[PDB]
Every structure is written in structure tokens, then in C-alpha cells.
Amino acid sequence: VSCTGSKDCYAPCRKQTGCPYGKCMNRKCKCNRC
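So that you can map any letter, position 10 of the sequence shown is 617 in our numbering, and since no number is skipped, the others follow by simple counting.
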């Protein structure tokens, strides 16, 4: 699932994980596992 409501989540993680994907669900963020 792709999110777009935070203070730069997928970013700080994308650096670590990579791919633009993420496991962020609900008001509970959680980048993906690339």
C-alpha cells in the first residue's frame, strides 16, 4: 500500500530499504522490505 500523509516517512526509509514501496498502513507507518 502507498501512503502520502505524514512528515516524510517513505523517504527516511526508502534510503534504507530502497524501492518506493512501503508497508505503511493506517496511521501506523512502516516502510517496505526491499
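Using N, Cα and C, we set each Cβ at its ideal position, and we do this for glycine too.
In its chain, beyond the 5 residues on either side, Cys638 have a beta carbon closer than 6 Å to the beta carbon of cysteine 620. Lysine 622 sits in a helix when the DSSP states are folded into three classes. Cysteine 631 sits buried, since 16 or more C-beta atoms from the chains shown fall within 10 Å of its C-beta. Contact annotation: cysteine 610 and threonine 624 have beta-carbon atoms that are not nearer than 8 Å.
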